[PDB]
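Written below as C-alpha coordinates is the structure these notes are about.
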There are 2 protein chains.
Amino acid sequence: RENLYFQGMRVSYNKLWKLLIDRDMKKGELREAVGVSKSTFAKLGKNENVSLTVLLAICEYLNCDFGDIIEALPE
Amino acid sequence: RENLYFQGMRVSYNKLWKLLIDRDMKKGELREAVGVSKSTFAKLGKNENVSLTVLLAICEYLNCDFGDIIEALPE
(Lines give C-alpha, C1' and ligand atoms only; values in the text may rest on other atoms or scores of the structure.)
Protein backbone atom coordinates (compact mmCIF):
# COMPACT_ATOMS: atom_id res chain seq x y z
CA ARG A 1 0.00 0.00 0.00
CA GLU A 2 3.00 2.32 0.68
CA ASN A 3 5.06 3.81 -2.06
CA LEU A 4 8.33 4.37 -0.25
CA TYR A 5 11.34 6.14 -1.63
CA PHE A 6 13.90 3.92 0.17
CA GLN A 7 13.94 0.21 -0.78
CA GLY A 8 17.58 -0.77 -0.37
CA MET A 9 17.84 -2.36 3.05
CA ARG A 10 16.82 -5.76 4.41
CA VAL A 11 16.28 -7.22 7.86
CA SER A 12 18.92 -9.55 9.33
CA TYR A 13 18.26 -11.96 12.19
CA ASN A 14 21.93 -12.82 12.84
CA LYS A 15 21.78 -11.38 16.35
CA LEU A 16 18.86 -13.67 17.22
CA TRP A 17 20.93 -16.76 16.36
CA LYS A 18 23.80 -15.51 18.54
CA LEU A 19 21.42 -14.84 21.40
CA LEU A 20 19.89 -18.34 21.20
CA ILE A 21 23.34 -19.91 21.51
CA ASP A 22 24.08 -17.58 24.42
CA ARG A 23 20.93 -18.98 26.12
CA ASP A 24 21.79 -22.61 25.10
CA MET A 25 18.57 -22.81 23.12
CA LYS A 26 17.68 -24.17 19.65
CA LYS A 27 15.54 -22.43 17.16
CA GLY A 28 12.70 -24.94 17.44
CA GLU A 29 12.53 -24.21 21.18
CA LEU A 30 12.01 -20.58 20.40
CA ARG A 31 9.38 -21.35 17.70
CA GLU A 32 7.37 -23.62 19.95
CA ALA A 33 7.55 -21.56 23.11
CA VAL A 34 6.33 -18.44 21.34
CA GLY A 35 3.84 -20.21 19.10
CA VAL A 36 5.17 -18.91 15.81
CA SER A 37 3.81 -20.80 12.81
CA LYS A 38 6.15 -22.91 10.71
CA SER A 39 6.03 -20.67 7.66
CA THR A 40 6.51 -17.46 9.63
CA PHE A 41 9.37 -18.90 11.52
CA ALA A 42 10.94 -20.05 8.33
CA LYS A 43 11.10 -16.36 7.26
CA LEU A 44 13.59 -15.78 10.03
CA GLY A 45 15.99 -18.31 8.50
CA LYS A 46 15.65 -16.50 5.22
CA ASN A 47 16.04 -12.91 6.53
CA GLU A 48 12.49 -12.13 5.38
CA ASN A 49 10.24 -9.69 7.14
CA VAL A 50 7.88 -10.80 9.90
CA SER A 51 5.39 -8.68 11.86
CA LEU A 52 6.33 -6.55 14.79
CA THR A 53 3.81 -8.63 16.74
CA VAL A 54 6.05 -11.69 16.21
CA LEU A 55 9.17 -9.79 17.09
CA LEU A 56 7.60 -8.34 20.23
CA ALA A 57 6.58 -11.84 21.32
CA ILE A 58 10.20 -13.02 20.86
CA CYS A 59 11.45 -9.99 22.87
CA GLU A 60 8.95 -10.77 25.65
CA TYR A 61 9.98 -14.44 25.87
CA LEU A 62 13.74 -13.78 25.67
CA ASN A 63 13.67 -10.66 27.85
CA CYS A 64 15.42 -8.65 25.14
CA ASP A 65 14.93 -5.68 22.85
CA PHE A 66 14.74 -5.24 19.12
CA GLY A 67 18.39 -4.42 18.69
CA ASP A 68 19.29 -7.73 20.28
CA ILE A 69 17.57 -9.71 17.49
CA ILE A 70 17.36 -7.59 14.31
CA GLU A 71 19.63 -5.36 12.27
CA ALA A 72 19.05 -3.29 9.14
CA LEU A 73 21.62 -4.21 6.45
CA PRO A 74 22.14 -3.35 2.87
CA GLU A 75 20.20 -5.80 0.68
CA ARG B 1 -2.90 -15.63 11.44
CA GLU B 2 -0.43 -16.36 14.31
CA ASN B 3 -1.55 -17.58 17.66
CA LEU B 4 1.32 -16.37 19.82
CA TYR B 5 1.80 -17.13 23.47
CA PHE B 6 3.34 -13.73 24.33
CA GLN B 7 1.11 -10.65 23.86
CA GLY B 8 2.29 -8.28 26.57
CA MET B 9 4.71 -5.92 24.89
CA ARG B 10 4.24 -2.94 22.57
CA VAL B 11 6.48 -0.99 20.21
CA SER B 12 7.72 2.46 21.26
CA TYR B 13 9.04 5.06 18.83
CA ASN B 14 10.48 7.39 21.49
CA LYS B 15 14.01 6.92 20.18
CA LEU B 16 12.92 8.06 16.70
CA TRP B 17 11.68 11.39 18.10
CA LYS B 18 14.98 11.92 19.92
CA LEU B 19 16.91 11.13 16.77
CA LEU B 20 14.90 13.60 14.67
CA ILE B 21 15.70 16.40 17.11
CA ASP B 22 19.35 15.34 17.05
CA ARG B 23 19.24 15.79 13.23
CA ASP B 24 17.24 19.10 13.52
CA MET B 25 14.40 17.54 11.57
CA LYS B 26 10.59 17.55 12.00
CA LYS B 27 8.40 14.56 11.69
CA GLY B 28 6.75 15.77 8.49
CA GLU B 29 10.19 15.98 6.87
CA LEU B 30 10.75 12.37 7.67
CA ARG B 31 7.25 11.37 6.41
CA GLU B 32 7.65 13.18 3.12
CA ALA B 33 11.23 12.20 2.39
CA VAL B 34 10.50 8.51 2.89
CA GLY B 35 7.07 8.57 1.29
CA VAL B 36 5.16 7.11 4.22
CA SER B 37 1.41 7.52 3.90
CA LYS B 38 -0.44 9.78 6.32
CA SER B 39 -2.25 6.97 8.11
CA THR B 40 0.84 4.79 8.46
CA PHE B 41 2.86 7.65 9.73
CA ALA B 42 0.19 8.47 12.21
CA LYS B 43 0.73 4.99 13.74
CA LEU B 44 4.17 6.13 14.81
CA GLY B 45 2.67 8.92 16.92
CA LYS B 46 0.43 6.35 18.53
CA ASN B 47 3.06 3.64 19.18
CA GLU B 48 1.20 1.30 16.82
CA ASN B 49 2.91 -1.30 14.70
CA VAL B 50 4.09 -0.54 11.18
CA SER B 51 5.77 -2.88 8.70
CA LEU B 52 9.42 -3.69 8.75
CA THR B 53 9.47 -2.32 5.19
CA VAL B 54 8.58 1.13 6.60
CA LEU B 55 11.10 0.85 9.37
CA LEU B 56 13.84 -0.25 6.99
CA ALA B 57 13.11 2.74 4.76
CA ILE B 58 13.45 5.06 7.79
CA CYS B 59 16.75 3.35 8.74
CA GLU B 60 18.03 3.78 5.16
CA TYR B 61 17.15 7.49 5.03
CA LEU B 62 18.47 8.30 8.54
CA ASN B 63 21.52 6.04 8.29
CA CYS B 64 20.55 4.25 11.49
CA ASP B 65 19.54 0.85 12.82
CA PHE B 66 16.43 -0.54 14.41
CA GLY B 67 17.59 0.03 17.95
CA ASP B 68 17.98 3.71 17.20
CA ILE B 69 14.25 4.11 16.45
CA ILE B 70 12.25 1.36 18.20
CA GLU B 71 12.10 -0.26 21.62
CA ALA B 72 10.00 -3.11 23.02
CA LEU B 73 8.18 -1.97 26.19
CA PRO B 74 5.60 -3.43 28.43
CA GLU B 75 2.13 -2.53 27.12
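Residues in the C-alpha coordinates are numbered from 1 in each chain, the chains being A, B, ... in the order shown, and ligands are numbered from 1 in the order shown.
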
Return as JSON lines the residues of chain B lying at most 8 Å from chain A, together with the closest atom-to-atom pair for each and the distance in Å to one decimal, counting only C-alpha atoms, with rows in chain order and ascending residue number.
{"residue": "B:2", "atom": "CA", "partner": "A:37", "partner_atom": "CA", "distance": 6.3}
{"residue": "B:3", "atom": "CA", "partner": "A:35", "partner_atom": "CA", "distance": 6.2}
{"residue": "B:4", "atom": "CA", "partner": "A:35", "partner_atom": "CA", "distance": 4.6}
{"residue": "B:5", "atom": "CA", "partner": "A:34", "partner_atom": "CA", "distance": 5.2}
{"residue": "B:6", "atom": "CA", "partner": "A:57", "partner_atom": "CA", "distance": 4.8}
{"residue": "B:7", "atom": "CA", "partner": "A:57", "partner_atom": "CA", "distance": 6.1}
{"residue": "B:8", "atom": "CA", "partner": "A:60", "partner_atom": "CA", "distance": 7.2}
{"residue": "B:9", "atom": "CA", "partner": "A:56", "partner_atom": "CA", "distance": 6.0}
{"residue": "B:10", "atom": "CA", "partner": "A:56", "partner_atom": "CA", "distance": 6.8}
{"residue": "B:11", "atom": "CA", "partner": "A:56", "partner_atom": "CA", "distance": 7.4}
{"residue": "B:33", "atom": "CA", "partner": "A:5", "partner_atom": "CA", "distance": 7.3}
{"residue": "B:34", "atom": "CA", "partner": "A:5", "partner_atom": "CA", "distance": 5.2}
{"residue": "B:35", "atom": "CA", "partner": "A:4", "partner_atom": "CA", "distance": 4.6}
{"residue": "B:36", "atom": "CA", "partner": "A:4", "partner_atom": "CA", "distance": 6.1}
{"residue": "B:37", "atom": "CA", "partner": "A:2", "partner_atom": "CA", "distance": 6.3}
{"residue": "B:49", "atom": "CA", "partner": "A:52", "partner_atom": "CA", "distance": 6.3}
{"residue": "B:50", "atom": "CA", "partner": "A:52", "partner_atom": "CA", "distance": 7.4}
{"residue": "B:51", "atom": "CA", "partner": "A:51", "partner_atom": "CA", "distance": 6.6}
{"residue": "B:52", "atom": "CA", "partner": "A:49", "partner_atom": "CA", "distance": 6.3}
{"residue": "B:53", "atom": "CA", "partner": "A:49", "partner_atom": "CA", "distance": 7.7}
{"residue": "B:54", "atom": "CA", "partner": "A:4", "partner_atom": "CA", "distance": 7.6}
{"residue": "B:56", "atom": "CA", "partner": "A:9", "partner_atom": "CA", "distance": 6.0}
{"residue": "B:57", "atom": "CA", "partner": "A:6", "partner_atom": "CA", "distance": 4.8}
{"residue": "B:58", "atom": "CA", "partner": "A:6", "partner_atom": "CA", "distance": 7.7}
{"residue": "B:59", "atom": "CA", "partner": "A:72", "partner_atom": "CA", "distance": 7.0}
{"residue": "B:60", "atom": "CA", "partner": "A:6", "partner_atom": "CA", "distance": 6.5}
{"residue": "B:61", "atom": "CA", "partner": "A:6", "partner_atom": "CA", "distance": 6.9}
{"residue": "B:65", "atom": "CA", "partner": "A:72", "partner_atom": "CA", "distance": 5.6}
{"residue": "B:66", "atom": "CA", "partner": "A:67", "partner_atom": "CA", "distance": 6.1}
{"residue": "B:67", "atom": "CA", "partner": "A:67", "partner_atom": "CA", "distance": 4.6}
{"residue": "B:70", "atom": "CA", "partner": "A:66", "partner_atom": "CA", "distance": 7.1}
{"residue": "B:71", "atom": "CA", "partner": "A:66", "partner_atom": "CA", "distance": 6.2}
{"residue": "B:72", "atom": "CA", "partner": "A:65", "partner_atom": "CA", "distance": 5.6}

Now that the selection is made, can you save its residues with N, CA, C and O atoms as a tab-separated table (two decimals), in the first residue's frame?
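Result file follows (selection30.tsv):
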chain	number	residue	atom	x	y	z
B	2	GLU	N	-1.25	-15.73	13.28
B	2	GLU	CA	-0.43	-16.36	14.31
B	2	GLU	C	-1.20	-16.42	15.59
B	2	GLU	O	-2.00	-15.53	15.87
B	3	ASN	N	-0.97	-17.47	16.33
B	3	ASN	CA	-1.55	-17.58	17.66
B	3	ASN	C	-0.38	-17.65	18.61
B	3	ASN	O	0.15	-18.75	18.92
B	4	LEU	N	0.10	-16.46	19.05
B	4	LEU	CA	1.32	-16.37	19.82
B	4	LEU	C	1.01	-16.45	21.30
B	4	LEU	O	-0.06	-16.07	21.76
B	5	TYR	N	2.00	-16.91	22.06
B	5	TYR	CA	1.80	-17.13	23.47
B	5	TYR	C	2.47	-16.04	24.32
B	5	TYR	O	2.53	-16.17	25.52
B	6	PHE	N	2.84	-14.95	23.66
B	6	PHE	CA	3.34	-13.73	24.33
B	6	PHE	C	2.69	-12.55	23.62
B	6	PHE	O	2.85	-12.40	22.40
B	7	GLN	N	1.94	-11.75	24.38
B	7	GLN	CA	1.11	-10.65	23.86
B	7	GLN	C	1.20	-9.41	24.70
B	7	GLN	O	0.35	-8.53	24.61
B	8	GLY	N	2.22	-9.31	25.55
B	8	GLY	CA	2.29	-8.28	26.57
B	8	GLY	C	3.18	-7.09	26.32
B	8	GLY	O	3.25	-6.22	27.21
B	9	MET	N	3.84	-7.04	25.19
B	9	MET	CA	4.71	-5.92	24.89
B	9	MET	C	4.19	-5.12	23.70
B	9	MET	O	3.34	-5.58	22.91
B	10	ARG	N	4.68	-3.87	23.60
B	10	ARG	CA	4.24	-2.94	22.57
B	10	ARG	C	5.52	-2.26	22.01
B	10	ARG	O	6.50	-2.08	22.73
B	11	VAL	N	5.44	-1.82	20.78
B	11	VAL	CA	6.48	-0.99	20.21
B	11	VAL	C	6.42	0.41	20.88
B	11	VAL	O	5.39	0.91	21.29
B	33	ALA	N	10.05	12.73	3.07
B	33	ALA	CA	11.23	12.20	2.39
B	33	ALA	C	11.06	10.71	2.03
B	33	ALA	O	11.39	10.24	0.95
B	34	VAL	N	10.58	9.95	3.02
B	34	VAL	CA	10.50	8.51	2.89
B	34	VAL	C	9.31	8.07	2.10
B	34	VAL	O	9.30	6.97	1.51
B	35	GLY	N	8.27	8.91	2.02
B	35	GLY	CA	7.07	8.57	1.29
B	35	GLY	C	6.05	7.82	2.09
B	35	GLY	O	5.16	7.16	1.49
B	36	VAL	N	6.11	7.84	3.39
B	36	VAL	CA	5.16	7.11	4.22
B	36	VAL	C	3.80	7.79	4.11
B	36	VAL	O	3.68	8.98	4.12
B	37	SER	N	2.74	6.98	3.97
B	37	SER	CA	1.41	7.52	3.90
B	37	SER	C	1.02	8.21	5.21
B	37	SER	O	1.58	7.94	6.29
B	49	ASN	N	2.00	-0.59	15.58
B	49	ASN	CA	2.91	-1.30	14.70
B	49	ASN	C	2.83	-0.82	13.27
B	49	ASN	O	1.75	-0.59	12.73
B	50	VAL	N	3.99	-0.71	12.63
B	50	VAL	CA	4.09	-0.54	11.18
B	50	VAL	C	4.96	-1.65	10.64
B	50	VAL	O	5.59	-2.42	11.38
B	51	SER	N	5.01	-1.82	9.32
B	51	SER	CA	5.77	-2.88	8.70
B	51	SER	C	7.26	-2.69	8.85
B	51	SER	O	7.75	-1.55	8.92
B	52	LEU	N	8.02	-3.79	8.82
B	52	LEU	CA	9.42	-3.69	8.75
B	52	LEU	C	9.85	-2.96	7.50
B	52	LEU	O	10.90	-2.31	7.54
B	53	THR	N	9.11	-3.05	6.40
B	53	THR	CA	9.47	-2.32	5.19
B	53	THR	C	9.57	-0.80	5.49
B	53	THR	O	10.48	-0.10	5.06
B	54	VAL	N	8.57	-0.28	6.21
B	54	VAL	CA	8.58	1.13	6.60
B	54	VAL	C	9.75	1.44	7.48
B	54	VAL	O	10.45	2.45	7.28
B	56	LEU	N	12.63	-0.15	7.77
B	56	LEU	CA	13.84	-0.25	6.99
B	56	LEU	C	14.08	0.99	6.15
B	56	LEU	O	15.22	1.46	6.00
B	57	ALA	N	13.01	1.52	5.57
B	57	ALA	CA	13.11	2.74	4.76
B	57	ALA	C	13.56	3.92	5.64
B	57	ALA	O	14.39	4.73	5.22
B	58	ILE	N	13.03	4.02	6.86
B	58	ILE	CA	13.45	5.06	7.79
B	58	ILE	C	14.93	4.86	8.14
B	58	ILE	O	15.70	5.84	8.15
B	59	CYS	N	15.37	3.63	8.44
B	59	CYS	CA	16.75	3.35	8.74
B	59	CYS	C	17.65	3.77	7.56
B	59	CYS	O	18.75	4.30	7.78
B	60	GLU	N	17.23	3.48	6.34
B	60	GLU	CA	18.03	3.78	5.16
B	60	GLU	C	18.20	5.30	5.04
B	60	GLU	O	19.29	5.81	4.78
B	61	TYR	N	17.10	6.04	5.18
B	61	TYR	CA	17.15	7.49	5.03
B	61	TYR	C	17.95	8.12	6.13
B	61	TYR	O	18.80	9.01	5.83
B	65	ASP	N	19.96	2.24	12.63
B	65	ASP	CA	19.54	0.85	12.82
B	65	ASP	C	18.28	0.79	13.62
B	65	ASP	O	17.82	1.78	14.19
B	66	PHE	N	17.69	-0.41	13.72
B	66	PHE	CA	16.43	-0.54	14.41
B	66	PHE	C	16.46	-0.06	15.83
B	66	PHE	O	15.50	0.61	16.29
B	67	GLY	N	17.50	-0.40	16.56
B	67	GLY	CA	17.59	0.03	17.95
B	67	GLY	C	17.82	1.49	18.19
B	67	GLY	O	17.81	1.94	19.33
B	70	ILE	N	13.31	2.11	17.56
B	70	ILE	CA	12.25	1.36	18.20
B	70	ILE	C	12.74	0.68	19.45
B	70	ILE	O	13.93	0.30	19.53
B	71	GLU	N	11.85	0.48	20.39
B	71	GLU	CA	12.10	-0.26	21.62
B	71	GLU	C	10.89	-1.08	21.92
B	71	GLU	O	9.73	-0.67	21.64
B	72	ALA	N	11.07	-2.26	22.51
B	72	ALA	CA	10.00	-3.11	23.02
B	72	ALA	C	9.76	-2.76	24.47
B	72	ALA	O	10.68	-2.89	25.30

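Excluding residue B:47 itself and same-chain residues fewer than 3 positions from it, the residues having an atom within 9 Å of it are residues 10, 11, 12, 13, 14, 42, 43 and 44 of chain B, counting only C-alpha atoms.
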
Would you save the residues of that selection, restricted to N, CA and C atoms, as a PDB file, in the first residue's frame?
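The result, written out as out-v1.pdb:
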ATOM      1  N   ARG B  10       4.678  -3.869  23.599  1.00  0.00           N
ATOM      2  CA  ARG B  10       4.242  -2.939  22.566  1.00  0.00           C
ATOM      3  C   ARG B  10       5.522  -2.260  22.014  1.00  0.00           C
ATOM      4  N   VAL B  11       5.436  -1.825  20.783  1.00  0.00           N
ATOM      5  CA  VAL B  11       6.477  -0.989  20.214  1.00  0.00           C
ATOM      6  C   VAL B  11       6.424   0.408  20.883  1.00  0.00           C
ATOM      7  N   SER B  12       7.580   1.069  20.888  1.00  0.00           N
ATOM      8  CA  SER B  12       7.724   2.460  21.261  1.00  0.00           C
ATOM      9  C   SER B  12       8.644   3.111  20.247  1.00  0.00           C
ATOM     10  N   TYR B  13       8.251   4.282  19.759  1.00  0.00           N
ATOM     11  CA  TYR B  13       9.043   5.056  18.828  1.00  0.00           C
ATOM     12  C   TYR B  13       9.748   6.255  19.480  1.00  0.00           C
ATOM     13  N   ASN B  14       9.849   6.252  20.800  1.00  0.00           N
ATOM     14  CA  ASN B  14      10.481   7.388  21.492  1.00  0.00           C
ATOM     15  C   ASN B  14      11.855   7.697  20.942  1.00  0.00           C
ATOM     16  N   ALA B  42       0.912   8.181  11.024  1.00  0.00           N
ATOM     17  CA  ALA B  42       0.188   8.474  12.212  1.00  0.00           C
ATOM     18  C   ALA B  42       0.332   7.350  13.250  1.00  0.00           C
ATOM     19  N   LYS B  43       0.506   6.086  12.805  1.00  0.00           N
ATOM     20  CA  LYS B  43       0.734   4.993  13.742  1.00  0.00           C
ATOM     21  C   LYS B  43       1.963   5.226  14.579  1.00  0.00           C
ATOM     22  N   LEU B  44       2.986   5.866  14.042  1.00  0.00           N
ATOM     23  CA  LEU B  44       4.173   6.127  14.805  1.00  0.00           C
ATOM     24  C   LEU B  44       3.889   6.963  16.014  1.00  0.00           C
TER      25      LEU B  44
END

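Going from atom CA of residue A:25 over to atom CA of residue A:41, you cover 15.3 Å.
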
task = Please measure the separation of atom CA of residue B:30 and atom CA of residue B:45, giving the value in Å to one decimal.
result = 12.8 Å

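Atom to atom, atom CA of residue A:15 and atom CA of residue A:75 stand 16.7 Å apart.
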